[PDB]
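Protein chains in written order, with the UniProt record's numbering: chain L, 1 to 263, 269 to 379, 384 to 471; chain Y, 274 to 372; chain R, 76 to 174.
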Amino acid sequence: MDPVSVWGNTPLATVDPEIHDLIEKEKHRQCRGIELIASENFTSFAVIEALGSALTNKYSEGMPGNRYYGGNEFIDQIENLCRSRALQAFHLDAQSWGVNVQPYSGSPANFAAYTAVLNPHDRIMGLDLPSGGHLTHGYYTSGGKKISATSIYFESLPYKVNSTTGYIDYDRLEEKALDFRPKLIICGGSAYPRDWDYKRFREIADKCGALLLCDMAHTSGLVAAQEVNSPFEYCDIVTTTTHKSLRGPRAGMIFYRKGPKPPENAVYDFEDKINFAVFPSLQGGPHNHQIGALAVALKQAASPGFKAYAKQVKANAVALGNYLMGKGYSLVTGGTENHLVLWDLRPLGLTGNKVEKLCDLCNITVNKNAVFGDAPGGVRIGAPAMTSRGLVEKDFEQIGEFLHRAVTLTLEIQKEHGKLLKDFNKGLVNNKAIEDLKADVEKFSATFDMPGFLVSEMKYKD
Amino acid sequence: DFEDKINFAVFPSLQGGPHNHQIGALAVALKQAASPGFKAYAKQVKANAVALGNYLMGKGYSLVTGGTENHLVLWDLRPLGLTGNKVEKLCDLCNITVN
Amino acid sequence: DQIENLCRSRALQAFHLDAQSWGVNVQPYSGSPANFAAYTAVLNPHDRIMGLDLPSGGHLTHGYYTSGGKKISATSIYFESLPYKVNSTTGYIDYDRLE
Ligand SMILES: Cc1ncc(COP(=O)(O)O)c(CNCC(=O)O)c1O
Ligand SMILES: Cc1ncc(COP(=O)(O)O)c(CNCC(=O)O)c1O
C-alpha cells in the first residue's frame, strides 16, 4: 500500500505524465488559435483554484440548514454565499426571487426545472434548433425520432424565426401556442443574434395559460451587466449555465419567482418544487467544488470590470459583424445585439461544414449552424472567449480578416476540387495557403494574454 | 561597404583619440562574457525577471505584455491610479532604485 | 594596437561571429556616440530614419520630437525621424503598422 504522499500528495506531472502532457498541449492549443465558439470562454485562475480543491471530497445531499448528513458547517456557508451572490449578480430582490445552484450543468438545470413544474408528457414549446434554439428546449427529427430528453419525456413543439427577416416571428408563435396549448414556453437560445421581447412572451404565455421560462445560458454575463433585456422582469423561471458569457465554472442555476403573485392573494409555488426536483428527484450529492468556484465567478461578475467586459463583448461582435459585412458577406438579420454573429454562407454556395473544416485546420474554431430556419448553410461566431483574452474592436476586425482569408481559400478549393466532400478534402492536403494562414493565426494568437494559469510555466511555448 | 564608412565616421569624423583604458577594460569584459559562468548569469537574469514579474502579477499588478522575455519588467501603474513619479520617489527613499 | 586588436577579436567571439562576415569598431565613447556614428557612416544629413517610439519602449537616440514639434534627440535634429509603435492592445511591436 503506497504511503499517503506517494499516491495522494505527488503532483500530476509525476503521478500521470500522460495526462499532464495532454493538458499542457491543450493549454498551448488554447493560446495559439482563435476561439470563436460562442459558448466557450476562459475562466479565471481563482475560479480554477476553487474548482480543483478539497471541496470535491464532501457529500452534502440536501440543501443548507437541512442536510441528510453532518459536517456541513462550511459547505452550507459556501452554498449560501453562492446563492446570495447569484441573486446580487442579477440584481434580484431576495424576497421576490430564489435560486438553486446545485445543477451539474445547464442541461441538468433545464430538465430539473421541467421536472419541477411539469408532469410527464406535458406540452412545451421552445425555439427550433434550425432557428437558433437549443437541444434541451425540445428536438425531434422529420422521421419522428425523439432526440432531446425534453422531447422523450414531455411533448414539445418548436417555434421558428421568420424565414426572410431571421427575427422571431412573434405572431406565428402566438398562433402556434393557442393551437398547441403548452404548459411551458421557453425563450432564450443558442444561435439567435438579437435580443428577446420578453414582454411579448409574457403576453403570449398569459393568453394561453403557460408558464414562461427563459434559458439565458448564452447571454447570462450580458444579462448580469445589464447590457441586454433582463428576462427576470417577465419570466417565471430563469435557467442558465455558468461557464459561457458568465465566465465561470461549468455548472447550472435555476432562478425562480417567490413571494406573492402580481395582480386572490395567490403566491408563487416554484421554490419547493424546484429544490425537490434537483434533489432528491434528479441529482445526488452537489458538486461542492463547482459551487465554490461558481461563488467566485459570481463575485467577479458583480464587479465594474465585468460590466466593461460585457460591453466589450457586444462591441467586438458588432465590429466583427460590420467587418464581414463590409466585405459583402451576409449576416442573419444583418447584424447583432449580443455576443454572436450568424454568418449566412449560402450566397457563397458554401456549406457551413466546409468553412468550419478549413478554419479548424488554421486553428480557427467556429461551428456550422443552420440559417433562417432552413446541410447547414452558415457558421456561428461568438466574441466572449477572445474578448476575455483582452481583444478589442480592431483585434476582432483582424479576426474578420482571418475569416475572410479562410473563406476565400474555401471558395478557391471548391472552385478547383468541387463541391463534393470527397473531392473538397483533396484540396485540404499539403496546401501552402492553409499552412500560411495557420502560421499567421498562431503568431497572432500568441500575442494575447491568457487567464487561468501561469503563462511563463507552460510546458509548450512554440 | 560598411567597414570603411563606419571606421571613418568614428574617426576622424566624430571622435578624437580612443579612450584606451575603456578599450582594455572592454577586452576584459568580453573575455568574461564568453565564459560558461556568463551564460549561466544570463539565464539567471531572465529567470529573475520572470520570477519578479510573476510575483507582482500575483499581487494584482499589471505588466506590459503580461510578462517578460528578457531582463526587465514594465509595470503599468495607471490601473492603480498612480504615477511613475510617486512610486520612483517613494522607494528611492527606501533605497530601491527604479525608474 | 594589440589591446584594441584583442578587444575586436574578443567582441567577434563573444557574439559568435565569423570575421569574414562581420567586423567591429570598439572606439565609441558610449552607446549614444556609437549610434550617432553608425548613422553618420551610412546616412546623409536629413535622411529618413524610423525607430521605436519612446512611449512604446524606444530610446532617445532612435529619434524623439515632441507633440509641439521640438526636436529633442540629435537623431531628430540631424536626420528626419518617424517613430513606430507597439500594438495598443498587446504591447508587442505592431509589425504590420510598421510595414
Ligand atoms: C449506489 C449509488 N448510485 C448512485 C449514487 C449517486 O451518486 P451522485 O451523488 O454522484 O449522483 C449514489 C450516491 N449515494 C450517496 C450515499 O450513499 O451517501 C449511490 O449510493
Ligand atoms: C584643440 C583640440 N580640441 C579637441 C580635441 C579632441 O579631443 P578628444 O580626443 O578628447 O576628442 C583635440 C584633440 N587633439 C589631439 C591632438 O592634437 O593630438 C584638440 O587638439
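Cβ coordinates follow ideal geometry from the N, Cα and C atoms, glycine included.
Quiz item: What are the complete alpha helix (DSSP H) segments, minimum 4 residues, inside the stretch 31 to 55 of chain L?
Solution: Whole alpha helix (DSSP H) segments, 4+ residues: 45 to 51.
Practice problem: Consider the C-beta atom of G252 (chain L) and the heavy atoms of ligand 1; say whether any pair is separated by less than 6 angstroms. | Solution: no
Quiz item: Helix, strand or coil for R181 (chain L) per DSSP?
Solution: coil
Exercise. Identify every residue that forms a DSSP beta bridge with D349 (chain L).
Key: Bridge partners of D349 (chain L): L:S335 and L:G387.
Quiz item: Per DSSP, what kind of secondary structure is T241 (chain L) in: helix, strand or coil?
Solution: strand
Quiz item: Apart from the five residues on each side of it in sequence, which residues of its chain come closer than 8 angstroms, Cβ to Cβ, to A282 (chain L)?
Solution: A112, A113, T115 and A116
Quiz item: Using a Cβ cut-off of 9 angstroms, which residues of the stretch 107 to 135 of chain R contact any Cβ in chain Y, in chain order?
Solution: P108, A109, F111, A112, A113, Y114, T115, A116, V117 and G132
Quiz item: Using the C-alpha atoms, what's the distance from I408 (chain L) back to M330 (chain L)?
Solution: 13 angstroms
Quiz item: Are there 16 or more other CB atoms within 10 angstroms of the CB of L12 (chain L), so buried, or fewer, so exposed?
Solution: exposed
Practice problem: Please list the partners that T165 (chain R) has in chain Y, where partner means a Cβ-to-Cβ separation under 7 angstroms. | Solution: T338
Practice problem: State yes or no: is the C-beta of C82 (chain R) within less than 7 angstroms of the C-beta of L287 (chain Y)? | Solution: no
Practice problem: With hydrogens ignored, establish whether the beta-carbon of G71 (chain L) is closer than 6 angstroms to any heavy atom of ligand 1. | Solution: no
Quiz item: Roughly how many angstroms separate the alpha carbons of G340 (chain L) and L157 (chain R), rounded to a whole number?
Solution: 39 angstroms
Exercise. Please work out which residues of its chain come closer than 8 angstroms, Cβ to Cβ, to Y59 (chain L), disregarding the five sequence neighbours upstream and downstream, and give them in chain order.
Key: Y69 and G290
Exercise. Determine, using beta carbons only, whether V323 (chain Y) and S465 (chain L) come nearer to each other than 7 angstroms.
Key: yes
Self-check item: chain R within 7 angstroms of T456 (chain L), Cβ atoms only
Solution: Using beta-carbon distances, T456 (chain L) counts as an interface residue toward chain R, with a partner under 7 angstroms.
Quiz item: When the Cα atoms are used, what is the spatial distance from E24 (chain L) to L463 (chain L)?
Solution: Approximately 12 angstroms between the Cα atoms of the pair.
Exercise. Along the beta strand (DSSP E) that carries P158 (chain R), what are the first and last residues, could you check?
Key: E155 to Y159
Quiz item: Counting Cβ pairs closer than 8 angstroms, one from the stretch 26 to 44 of chain L and one from the stretch 445 to 459 of chain L, do we hit at least three?
Solution: Pairwise C-beta distances place the stretch 26 to 44 of chain L in contact with the stretch 445 to 459 of chain L, as three or more of them are shorter than 8 angstroms.
Exercise. Measure the beta-carbon distance from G326 (chain L) to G357 (chain L) and round it to whole angstroms, keeping in mind my assumption that it falls under 8 angstroms.
Key: Contact flag wrong, Cβ pair sits at about 17 angstroms.
Exercise. Name, going along the chain, the residues of the stretch 318 to 329 of chain Y whose beta-carbon falls closer than 7 angstroms to a beta-carbon of chain L.
Key: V323 and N327
Quiz item: Does the Cβ-Cβ distance between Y159 (chain L) and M125 (chain L) come in under 7 angstroms?
Solution: yes
Exercise. Measure from the alpha carbon of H121 (chain L) to the alpha carbon of each residue in L:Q95, L:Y153 and L:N110, then state which is nearest.
Key: L:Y153
Quiz item: Using a C-beta cutoff of 7 angstroms, does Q77 (chain R) count as contacting chain Y?
Solution: no
Quiz item: For the stretch 279 to 312 of chain Y, which residues have a CB atom closer than 8 angstroms to at least one CB atom of chain R, in sequence order?
Solution: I279, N280, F281, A282, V283, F284, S286, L287, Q288, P291, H292, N293, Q295, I296, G297, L299, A300, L303, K304, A306 and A307
Quiz prompt | Residues within the stretch 402 to 420 of chain L neighbouring chain R, beta-carbon criterion of under 8 angstroms | solution = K403 and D404
Practice problem: Grab the span of the alpha helix (DSSP H) containing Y114 (chain R) for me, first residue to last. | Solution: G106 to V117
Exercise. Measure from the C-beta of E276 (chain Y) to each C-beta in chain R and report whether the shortest distance is under 7 angstroms.
Key: yes
Quiz item: Quick one: what does DSSP say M63 (chain L) is sitting in, helix, strand or coil?
Solution: strand
Quiz item: Would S465 (chain L) count as contacting chain B if we go by Cβ distances under 7 angstroms?
Solution: Structure shown: chain B not included; protein chains present are L, Y and R.
Exercise. Drop a sphere of 10 angstroms on the beta-carbon of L430 (chain L), count the other beta-carbons inside from all chains shown, and report buried for 16 or more, exposed for fewer.
Key: By the C-beta density criterion, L430 (chain L) is exposed, having fewer than 16 other C-beta atoms within 10 angstroms.
Exercise. Closer than 5 angstroms is what we want: which residues have a beta carbon that near any heavy atom of ligand 1? List them in chain order.
Key: L:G289 and L:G290
Quiz item: Is the CB-CB distance between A94 (chain R) and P103 (chain R) below 7 angstroms?
Solution: no
Quiz prompt | Cβ-heavy atom distance, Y114 (chain L) to ligand 3, below 6 angstroms | solution = Among the ligands present in this structure, namely ligand 1 and ligand 2, ligand 3 is not found.
Quiz prompt | Beta-carbon spacing of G297 (chain Y), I78 (chain R) below 7 angstroms | solution = Their beta carbons are under 7 angstroms apart, which means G297 (chain Y) touches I78 (chain R) by this criterion.
Quiz item: With which residues is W97 (chain R) paired in a DSSP beta bridge?
Solution: According to DSSP, which records beta bridges pairwise, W97 (chain R) is partnered with nothing at all.
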